[PDB]
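Asks: Sharing a structure with you now.
There are 2 protein chains.
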Amino acid sequence: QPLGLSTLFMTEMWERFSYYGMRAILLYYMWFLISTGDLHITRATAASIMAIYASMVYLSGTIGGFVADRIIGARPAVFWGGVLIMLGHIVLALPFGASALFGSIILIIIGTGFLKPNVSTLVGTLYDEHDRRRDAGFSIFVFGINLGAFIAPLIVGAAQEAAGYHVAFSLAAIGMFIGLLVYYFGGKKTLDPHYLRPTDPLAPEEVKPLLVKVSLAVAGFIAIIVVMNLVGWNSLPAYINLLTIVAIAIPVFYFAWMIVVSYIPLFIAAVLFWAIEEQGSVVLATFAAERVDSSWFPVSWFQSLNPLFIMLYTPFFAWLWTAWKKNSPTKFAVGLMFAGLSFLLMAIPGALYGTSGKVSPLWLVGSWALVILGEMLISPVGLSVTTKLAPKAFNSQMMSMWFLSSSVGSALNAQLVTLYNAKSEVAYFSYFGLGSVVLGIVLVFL
Amino acid sequence: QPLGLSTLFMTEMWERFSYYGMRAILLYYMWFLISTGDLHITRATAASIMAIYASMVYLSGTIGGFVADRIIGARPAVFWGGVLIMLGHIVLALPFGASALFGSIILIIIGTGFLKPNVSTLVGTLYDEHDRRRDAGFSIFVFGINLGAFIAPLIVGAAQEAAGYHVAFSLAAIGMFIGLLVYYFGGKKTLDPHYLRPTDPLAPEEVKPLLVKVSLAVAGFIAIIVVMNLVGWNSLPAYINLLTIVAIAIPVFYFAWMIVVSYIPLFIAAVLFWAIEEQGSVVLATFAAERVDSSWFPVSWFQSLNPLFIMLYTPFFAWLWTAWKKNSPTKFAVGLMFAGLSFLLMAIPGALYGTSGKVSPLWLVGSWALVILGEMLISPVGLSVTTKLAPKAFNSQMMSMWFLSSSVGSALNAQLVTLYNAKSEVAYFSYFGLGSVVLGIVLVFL
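Protein sequence lines, in the order shown, are assigned to chains A and B.
Residue numbers for the first sequence, in the UniProt record's numbering: 11 to 269, 282 to 349, 353 to 471.
Residue numbers for the second sequence, in the UniProt record's numbering: 11 to 269, 282 to 349, 353 to 471.
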């Protein structure tokens with residue numbers, strides 16, 4: 011049965027290398043278009059795009075599951091999803107115009123929406139309810155994503171610094187090619203036919219509610235574009251707010267529709295937690311160029327620390343996460362305390378300015394290290410804490426709320442990140458990180 | 011100046027990826043053609059080819075230097091060299107016929123002949139005689155090579171086992187396209203014009219001796235093919251002997267032409295040392311499938327140990343190789362003793378058969394570990410020991426004799442390897458490894 015684990019290892023390594031390779035250098039590329047004059051956008055808005063790009067991928071992740079579970083196959087969803095992503099990178103590498111370089115994002119939103127959630131669904135299917143076994147392959151899949159994400163800026167950064175951003179994006183598109191090249195030819199001799207639509211693939215009972223969302227949400231969203239365009243003109247950063255509004259509306263509408283007092287601070291904490299994870303790929307990435315020298319090594323290589331620490335903390339955290347259980354909700358409170366404490370290390374050097382020689386990059390190393398301590402205290406238990414409270418409030422669209430925290434955390438960043446880019450108003454951005462420790466201590470109480 | 015180091019790092023990272031990657035699975039691929047009936051060759055001859063493939067690459071390495079130093083540029087030699095390798099891997103990926111899958115070898119012989127020696131010449135070139143600096147970049151180059159070599163089986167073997175050999179090879183073919191894609195566009199902004207023929211690019215003084223070798227060696231070799239064909243027919247493994255004869259003749263003719283009693287055992291020791299390094303990619307690779315189980319993990323992943331140990335031994339060997347100098354030729358004697366002692370670990374389990382459960386793969390792990398201890402005692406000092414004895418016997422074609430030891434060591438294996446493949450006559454192959462310790466103790470005396 012777990013042979014396809016090693017096909018899916020290649021598929022997600024070769025996908026995530028694509029996604030986290032280009033993601034690392036994309037902000038710096040937008041900066042470069044902006045300097046060339048090809049992209050008529052502010053560096054604060056360019057850095058905001060970076061946050062939306064994450065929320066729309068994570069919003070489309072929800073849609074990708076139910077597209078593949080009720081209309082098209084899980085195998086073809088990952089294939090076409092991956093081939094859209096593969097072409098999305100080709101848009102950056104081959105086309106040069108900022109207009110084409112926006113279409114890139116649209117493909118990587120749709121593509122990753124389909125791929126990432128279904129390729130994960132396909133790991134669970136390797137194991138036909140092999141109770142013990144089933145978790146191991148899911149942990150070995152997690153490795154392929156960390157190996158994949160870690161090794162991406164090491165190659166892709168070295169690529170755009172040594173040769174063009176276009177070669178780098180071409181190398182990232184190459185990467186995705188391998189995900190597919192393996193997957194298709196490796197899936198045929200592995201993939202148990204989840205190549206068709208599983209439960210529920212209904213015909214007359216689903217024709218009505220499917221075509222309702224085509225003329226209610228899609229046509230309703232198209233009307234809001236015409237309202238905002240006739241209001242004035244093509245408002246460039248107000249479309250970002252529209253996307254931030256939709257990313258906050260969907261969970262809030264599902265929160266008010268279904269309805282609890284204990285889950286609100288857990289949901290806000292989760293949303294506030296992922297606002298630091300994706301902020302490390304933007305604000306801290308800006309900072310890595312701003313108040314950090316790189317005389318010989320690239321700046322993109324700071325993005326490879328996020329996975330480096332995950333794949334190193336996990337084994338040390340496995341044995342630590344065993345003895346304390348003798349001496353679940355407590356773990357969630359410790360996580361946001363580490364997220365806020367780690368962000369506090371940016372105001373400290375920023376105010377003190379106590380450095381000399383080459384004593385500086387490690388202040389960013391320690392922040393990552395301390396952010397990943399927060400991930401280890403929330404990513405494994407957050408799945409079970411949401412499932413433990415679901416039977417009381419009916420498990421239907423409650424399990425989806427945990428995955429959607431990353432979409433609202435990065436939709437917060439859309440508008441939050443803009444404050445850091447002020448450059449002079451930078452110390453107050455890390456001062457807001459104290460609020461995370463204050464809001465984190467409220468969970469320690471409960 | 012050292013920016014191009016980071017282009018040449020990724021060039022040789024992505025070349026050694028292509029080369030050492032496919033090399034790992036190629037024996038198992040020939041076995042597969044043989045089983046399918048596409049390749050009419052014995053597994054002993056199929057395994058012999060594997061050894062010639064190494065000697066002809068290393069023979070063409072000598073030719074590649076003087077082609078690029080006297081007729082064409084070092085940059086274009088590295089470029090076109092890699093393009094042949096890139097075509098070469100498409101031969102295995104795209105064509106399916108064993109005839110076409112032989113043409114593969116011809117391209118990777120020519121290609122690696124040009125690329126590998128000039129890309130190394132191009133690292134030294136970066137540093138315009140930057141005395142201290144010059145060695146560091148050469149050590150950072152060595153890393154890319156080990157990183158490149160290590161990571162290839164981990165991706166290519168997982169690809170050949172999960173999906174087709176053509177995909178696995180297709181992967182190597184992408185791997186080389188990266189080599190160039192980056193190198194050409196890296197080069198353009200990093201390469202100080204060594205894009206033309208350096209000293210000696212003579213015109214009338216070189217037209218005569220160049221066209222002499224076209225009608226003396228090349229036409230003389232073409233006559234030997236017609237002699238061997240008319241003798242009987244297309245002798246399949248006697249062409250291997252012809253190639254073994256040429257690989258032993260060139261250094262022996264240069265040994266008798268120029269002429282010493284102290285260098286013969288150092289040369290034989292070097293030739294006998296590399297006969298164990300390349301034998302690990304064939305005999306031990308056969309063994310990894312024969313008396314070693316692989317229930318979950320691939321067999322090609324044993325080839326990734328060779329570099330793994332090099333990149334781990336180097337730092338531990340750096341501090342060890344400092345204090346002993348207070349308490353050069355001695356180091357050469359310790360190296361061949363570790364080569365022979367490490368090969369002795371194959372007869373031990375082969376005769377004793379003392380194993381149970383999953384207690385077995387580590388007997389192959391320790392042999393590699395102990396072979397690389399021998400590499401660390403010979404690869405760094407062998408360059409200086411040959412150069413220390415060169416001014417006494419004139420430094421002209423004496424410096425080339427050290428690089429040619431790998432060509433004669435793998436040309437010995439051509440005929441040596443055939444004895445292991447007997448399967449029943451296997452314990453005597455590791456018994457010959459005692460002879461290396463006996464011949465190694467003769468150097469301890471001197």
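For every residue, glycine included, the Cβ atom is placed at its ideal position computed from N, Cα and C.
(1) From residue 249 of chain A to residue 236 of chain A, what does the alpha carbon distance come to, in whole angstroms?
(2) Which one of A/97, A/188, A/138 has the shortest CA to CA distance from residue 118 of chain A?
(3) Name, please, each residue of chain A whose Cβ falls closer than 9 angstroms to the Cβ of residue 276 of chain B.
(4) When DSSP labels each residue in this structure, what does residue 115 of chain B get in the three-state scheme?
(5) Which bits of chain B does residue 20 of chain A rub up against, with CB to CB less than 9 angstroms?
(6) Could you tell me whether the stretch 448-459 of chain B touches the stretch 356-374 of chain B, using the rule of 3 or more Cβ pairs below 8 angstroms?
(7) Beta-carbon of residue 46 of chain A versus every beta-carbon of chain B: anything under 8 angstroms?
(8) Any chance you could list the alpha helix (DSSP H) runs of at least 4 consecutive residues sitting entirely within the stretch 185-237 of chain A, in chain order?
(9) Below 8 angstroms between beta carbons: does that hold for residue 443 of chain B and residue 54 of chain B?
(10) Hey, out of A/62, A/335, A/257, whose CA is closest to residue 401 of chain A's CA?
(11) Measure how close the beta-carbons of residue 332 of chain A and residue 446 of chain A come, nearest whole angstrom, since I'm counting them as under 8 angstroms.
(12) Per DSSP, what kind of secondary structure is residue 477 of chain A in: helix, strand or coil?
(13) Have a look at A/112, A/123, A/58, A/73 and flag the residue whose alpha-carbon is nearest the alpha-carbon of residue 89 of chain A.
(14) Is it right to say residue 254 of chain A is buried, meaning 16 or more other beta carbons lie within 10 angstroms of its own, or is it exposed?
(15) In chain A, which residues lie less than 7 angstroms from residue 339 of chain B when you measure between Cβ atoms?
(16) Take residue 91 of chain B and list the residues in its own chain whose beta-carbon comes closer than 6 angstroms to its own, dropping the five residues that flank it on each side.
(17) Within its chain, find whatever has a CB closer than 7 angstroms to the CB of residue 82 of chain B; leave out the 5 residues flanking it on each side and keep chain order.
(18) Output yes or no for whether 8 angstroms exceeds the beta carbon distance between residue 116 of chain B and residue 186 of chain B.
(19) For a contact defined as C-beta to C-beta under 8 angstroms, what are the partners of residue 16 of chain A on chain B?
(20) Check the Cβ-Cβ distances between residue 196 of chain B and every residue of chain A, and say whether any is below 8 angstroms.
(21) Would you mind telling me which residues of chain B sit closer than 7 angstroms to residue 217 of chain A, beta carbon to beta carbon, in chain order?
(22) Have a look at residue 191 of chain B and residue 69 of chain B and give me their C-alpha separation to the nearest angstrom.
(23) For the alpha helix (DSSP H) containing residue 99 of chain B, list its first residue and its last residue.
(24) With a 10 Å radius around its C-beta and 16 neighbouring C-beta atoms as the bar for buried, classify residue 26 of chain B as buried or exposed.
(25) With a CB to CB cut of under 7 angstroms and the five nearest residues on each side skipped, what residues in its chain are close to residue 388 of chain B?
(26) Looking at the structure shown, is residue 301 of chain B part of a helix, part of a strand, or coil, going by DSSP?
(27) Could you pull the start and end residues of the alpha helix (DSSP H) that residue 172 of chain A belongs to?
(28) Who are the near neighbours of residue 282 of chain B in its chain, counting only those whose CB is closer than 8 angstroms to its CB and skipping five residues on each side?
(29) Measuring only between beta-carbons, confirm whether residue 95 of chain B sits less than 8 angstroms from chain A.
(30) Using the rule of at least 16 other Cβ atoms within 10 Å of the residue's Cβ for burial, across every protein chain shown, is residue 210 of chain A buried or exposed?
(31) Using DSSP with H/G/I as helix, E/B as strand and the rest coil, what is residue 402 of chain A?
(32) Which chain B residues sit within Cβ distance under 9 angstroms of residue 35 of chain A?
(33) Please confirm whether residue 35 of chain B and residue 178 of chain B have their CB atoms less than 8 angstroms apart.
(34) Nearest-angstrom Cα distance between residue 294 of chain B and residue 399 of chain B?
(35) By the criterion of Cβ-Cβ separation under 7 angstroms, what are the contact partners of residue 188 of chain B in chain A?
(36) Inspect the beta-carbon positions of residue 264 of chain B and residue 422 of chain B and report whether they are closer than 8 angstroms.
Replies: Here's the rundown:
(1) As a working note, residue 249 of chain A is residue 239 in the first sequence. As a working note, residue 236 of chain A is residue 226 in the first sequence. Distance between the alpha carbons of residue 249 of chain A and residue 236 of chain A: 12 angstroms.
(2) Within the first sequence, numbered from 1, the residue matching residue 118 of chain A stands at position 108. Considering only A/97, A/188, A/138, the residue with the shortest C-alpha distance to residue 118 of chain A is A/97.
(3) Note on chain B: consecutive modelled numbers read 269 then 282, so residue 276 of chain B has no coordinates in the structure shown.
(4) As a first step, residue 115 of chain B must be located in the second sequence, where it is residue number 105. Here residue 115 of chain B sits in helix by DSSP.
(5) Start at 1 with the first residue of the first sequence, and residue 20 of chain A comes out as number 10. In chain order: 165, 168, 169, 172, 173.
(6) The stretch 448-459 of chain B is in contact with the stretch 356-374 of chain B.
(7) Here residue 46 of chain A corresponds to residue number 36 of the first sequence, with the count starting at 1. So no, residue 46 of chain A is outside the interface.
(8) Complete alpha helix (DSSP H) runs here, min 4: 214-223.
(9) Stepping through the second sequence from its first residue, residue 443 of chain B is reached at position 418. Stepping through the second sequence from its first residue, residue 54 of chain B is reached at position 44. It is a contact, given that the beta carbons lie within the stated cut-off.
(10) Residue mapping note: residue 401 of chain A aligns to position 376 of the first sequence, counting from 1. For residue 401 of chain A, the nearest C-alpha among the options comes from A/335.
(11) Against the first sequence, residue 332 of chain A aligns to sequence position 310. Against the first sequence, residue 446 of chain A aligns to sequence position 421. Their Cβ separation, rounded to whole angstroms, is 27 angstroms, which puts residue 332 of chain A and residue 446 of chain A out of contact at 8 angstroms.
(12) Residue coverage of chain A in this structure runs from 11 to 471, which leaves residue 477 of chain A outside it and unanswerable.
(13) Stepping through the first sequence from its first residue, residue 89 of chain A is reached at position 79. Of the listed residues, the one whose Cα sits closest to residue 89 of chain A is A/123.
(14) Locating residue 254 of chain A in the first sequence gives position 244, counting from the first residue. Buried: at least 16 other Cβ atoms inside 10 Å.
(15) As a working mapping, residue 339 of chain B is identified with position 317 in the second sequence. Those within 7 angstroms of residue 339 of chain B in chain A number zero; the least Cβ separation is about 24 angstroms.
(16) Translated into the one-based positions of the second sequence, residue 91 of chain B becomes position 81. Same-chain partners within the cutoff: 121, 124, 125.
(17) As a position in the second sequence, residue 82 of chain B is number 72, starting the count at 1. Within the same chain, residue 82 of chain B has close Cβ partners 207.
(18) Your numbering for residue 116 of chain B matches position 106 in the second sequence. Your numbering for residue 186 of chain B matches position 176 in the second sequence. For residue 116 of chain B and residue 186 of chain B, no; Cβs fall outside 8 angstroms.
(19) Working through the first sequence from its first residue, we reach residue 16 of chain A at position 6. Neighbours of residue 16 of chain A in chain B, taken as residues whose beta carbon is under 8 angstroms from its own, are 168, 171, 172 in chain order.
(20) The count along the second sequence starts at 1 and reaches residue 196 of chain B at position 186. Yes, its Cβ sits closer than 8 angstroms to a Cβ of chain A.
(21) Stepping through the first sequence from its first residue, residue 217 of chain A is reached at position 207. In chain order: nothing, as chain B lies at least about 38 angstroms away.
(22) Counting from 1 along the second sequence, the entry for residue 191 of chain B is found at position 181. Counting from 1 along the second sequence, the entry for residue 69 of chain B is found at position 59. A direct Cα-Cα distance of roughly 27 angstroms separates residue 191 of chain B from residue 69 of chain B.
(23) For the purposes of this step, residue 99 of chain B is taken as residue 89 along the second sequence, with counting starting at 1. Looking at the DSSP string, the run of the alpha helix (DSSP H) that includes residue 99 of chain B is 84-103.
(24) By 1-based counting over the second sequence, the position of residue 26 of chain B is 16. Here residue 26 of chain B is buried: its Cβ has 16 or more other Cβ atoms, across all protein chains shown, within 10 Å.
(25) Counting from 1 along the second sequence, the entry for residue 388 of chain B is found at position 363. So the list reads 370, 374, once near-sequence residues are dropped.
(26) Sequence index remark: in the second sequence, residue 301 of chain B carries index 279 (1-based). Residue 301 of chain B falls in the helix class under three-state DSSP.
(27) Against the first sequence, residue 172 of chain A aligns to sequence position 162. Note, residue 172 of chain A: alpha helix (DSSP H), 143-172.
(28) Here residue 282 of chain B corresponds to residue number 260 of the second sequence, with the count starting at 1. These residues qualify, in order along the chain: 418.
(29) By 1-based counting over the second sequence, the position of residue 95 of chain B is 85. False, the Cβ-Cβ gap to chain A never drops below 8 angstroms.
(30) Here residue 210 of chain A refers to the residue found at position 200 of the first sequence. Residue 210 of chain A sits exposed, since fewer than 16 C-beta atoms from the chains shown fall within 10 Å of its C-beta.
(31) Working through the first sequence from its first residue, we reach residue 402 of chain A at position 377. Reduced to three states, the DSSP call for residue 402 of chain A is coil.
(32) By 1-based counting over the first sequence, the position of residue 35 of chain A is 25. By Cβ distance, chain B contributes nothing, its closest Cβ being about 14 angstroms from residue 35 of chain A, past 9 angstroms.
(33) The sequence position of residue 35 of chain B within the second sequence is 25, counting from 1. The sequence position of residue 178 of chain B within the second sequence is 168, counting from 1. The Cβ-Cβ distance between residue 35 of chain B and residue 178 of chain B falls below 8 angstroms.
(34) As a position in the second sequence, residue 294 of chain B is number 272, starting the count at 1. As a position in the second sequence, residue 399 of chain B is number 374, starting the count at 1. The alpha-carbon atoms of residue 294 of chain B and residue 399 of chain B are separated by roughly 12 angstroms.
(35) Locating residue 188 of chain B in the second sequence gives position 178, where the first residue counts as 1. At a beta-carbon threshold of 7 angstroms, the residues of chain A lying near residue 188 of chain B are 181, 184, ordered along the chain.
(36) Working through the second sequence from its first residue, we reach residue 264 of chain B at position 254. Working through the second sequence from its first residue, we reach residue 422 of chain B at position 397. Inclusion of residue 264 of chain B and residue 422 of chain B in the CB contact set at 8 angstroms is warranted, their separation being smaller than that value.
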